[PDB]
Each structure stands twice: as structure tokens, then as C-alpha cells.
Amino acid sequence: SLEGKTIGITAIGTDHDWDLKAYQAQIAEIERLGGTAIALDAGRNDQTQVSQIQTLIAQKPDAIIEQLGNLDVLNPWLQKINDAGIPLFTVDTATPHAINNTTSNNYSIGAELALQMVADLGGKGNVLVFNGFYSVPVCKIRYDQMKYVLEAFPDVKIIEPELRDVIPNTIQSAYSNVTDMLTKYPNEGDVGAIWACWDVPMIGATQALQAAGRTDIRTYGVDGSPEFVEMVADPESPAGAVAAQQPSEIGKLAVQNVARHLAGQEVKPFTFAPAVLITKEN
């Protein structure tokens, strides 16, 4: 099925749980179908990824799977994969350069999470927003849907400015930012929710609110990282909801889009894995 084939994987990291799950699932599926995997990990360095792409181009695999990262940086190099005549597949990276993008429904996810947040707020209150990854396609969608939904609720507002969630030291940088913002806004109704396009900073934000003794603010994020899920399920914790994805499914499905294409078969422009919203009572 991939028996005489070599598939390159280029991911920007395996630093955290979702990324590691997706990356491992790709490798496992390539080998399962009888293929050879050339697995490259950029260690959250963009310039590393660039040269890792160069490597893959020069190694001439039967196809390349690209995972996450900044689109604007990648674009000319993605173009050169097309120039080399190598089939390109992505996980999460929504680009015209790809035959297929395997991912989740970030449009529904983005909306439902935002809707849950305003439901929990009861249609009124202010929202602290971490928006440091907007150049990543899925976070662009997740942010856009949140902001669109909030247009309908004039008493639900995003506080200025938006904070920048970062890699590395994500959790502590978020914890420190939230602490700053609780100092700036101490009163019992000034801030009511905290949002990010992913789980990991919300782990920190929750820890900070807990340490501040604030039971009145809830946090919201996306991925379903075991630490944030457990916080959502805990009734003592201010973690409010999480969009739980299936990275292991996403990685698996991307490889069979590759395997389908190489067997001369029709592949759809995208493939969604399912995701659920998980809230405190649900």
C-alpha cells in the first residue's frame, strides 16, 4: 500500500502533546502500510524547518507531509516542493499548495467554544484573549470565529490589548501574563473569561486564577491535552471548556490520503477528524 514508497514528514515540533501524537501517528501509519518514513522535527525553529524541507526535496520522496508552523515563512518552500514535482499533504496547514489538508473542523470548533464562553458569561462580561499564533491557519480560523460570534453580543467585549501566548515556556508565560492582568483588573466583574486558540497557555492561566483565589473567571481553549481536560472535569478548577481533538486520528488519516493518491485514487481537498466540546457539567 506504501510498500515501495518513501514518505517525508516535516513538523515544526513535538514539544507538546498534540504535536507529538500527530507526528507519531504519521510515522506509525507509514510503517504499517509498508512504507519508509523520513521523519524530521524542527524543534520549533522556523529556519530548521526550511532546511528540513530542502533536505526532503533533495531526497526525492514519493510524497511530503507538512505539519503546522507559520504559513508565510513556509509558502516559498512549499512552492519549491510543487516545483520539484513532489505530492504535498498537510496536517492542519491550510494551503493551496497541498493536494489534501487533514485536520479538524476549526470553524465549528471556533464557533462552539466561543458560544460556550458567552453562554457561561450569560451574555455579559469582558474577555482576556491570547492571540500569539494568528499566522498559523487553524488559530486564524479559531480566532476569527470567536470574534464573529462576539459581534452578536454587545456586552461581551475583548479587552485591549490581546496578550501574546508563546513557545517555549508557554505555561509560565501565560501564568505571568494572567497575574499581571488580575493586578491591573482586581474588581469582581472586570474580567470574566480567558481565551486561547490552544490548550497549553490555558493550563497556566487556570493555575494563576487558582493561585489568585478567583472562582469567578473561566478559561477556554482547544486540543484536549490531558492536563486541561482534567482541569475542566474538576469542579474546583476555573477551567471552563475545551474542544477535544483527535491528533492520533488526524495523523493516521493524512497518511491514507497519501496512500490513496499514490494508488491513483481520488482524494478530497480536506479530511476532518471529529472533535467534541467538553464543558464542566458535560
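Per chain, the count goes from 1 following the written sequence and can depart from the entry's numbering; residues without coordinates do not appear at all. To get the side-chain values, all heavy atoms of the structure are used, and hydrogens and water are removed first.

Structure determination for the deposited model, as stated in its record, used X-ray crystallography, and the stated resolution is 2.30 Å.

A few words on the packing of aromatic side chains. Within 6.5 Å between ring centres, the rings of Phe, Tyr and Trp (the latter by its six-membered ring) count as paired, and their orientation is classed by plane angle as stacked under 30 degrees, edge-to-face over 60, tilted in between. Within this structure, the stated rule accounts for four aromatic pairs. Summarising the aromatic geometry, the rings of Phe133 and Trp198 are spaced 5.5 Å apart at their centres and angled 80° between planes, so their arrangement reads as edge-to-face. Taken together, the positions of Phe133 in the loop between β6 (125-130) and α5 (137-151) and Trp198 in the loop between β8 (193-196) and α7 (199-212) put the pair 65 residues apart, joining distant regions of the chain. For the pair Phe133 and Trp198, one class covers both residues: buried. For the pair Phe270 and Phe272, a centre-to-centre distance of 4.9 Å together with 35° between the ring planes defines the contact as tilted. Taken together through their ring pairs, the aromatic side chains of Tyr134, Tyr143 and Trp195 make up a single cluster. For the cation-ring pair, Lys80 lies above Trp77, with the distance from its terminal atom to the ring centre recorded as 4.1 Å. What counts as a helix is a DSSP run of H or I of at least four residues, what counts as a strand is a run of E of at least two, and both are numbered from the N terminus. Relative accessibility decides the category of a residue: with a 1.4 Å probe and only protein chains considered, values under 20% of the type maximum give buried, values over 50% give exposed, and everything between is partly exposed. The rule for a charge over a ring is simple: NZ of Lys or CZ of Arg within 6 Å of the ring centre, and within 35 degrees of the ring normal.

All right, on to the nonpolar core then. Of all hydrophobic cores here, the largest spans 52 residues; its most connected members are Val127, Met146 and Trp195. Ranked by residues supplied to this core, first place goes to helix α4 (residues 106-121) with seven residues. Contact partners of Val127, with chain neighbours within four places excluded, come to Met117, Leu121, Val156, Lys157, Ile158, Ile159, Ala193 and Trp195. By size, the runner-up hydrophobic cluster in this structure holds 22 residues, among which are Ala174, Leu182, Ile194 and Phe228. Residues belong to a common nonpolar core when they are buried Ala, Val, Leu, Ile, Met, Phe, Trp, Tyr or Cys residues joined through side-chain atoms within 4.5 Å. Contacts are assigned to residue pairs with any non-hydrogen atoms lying within 4.5 Å of each other.

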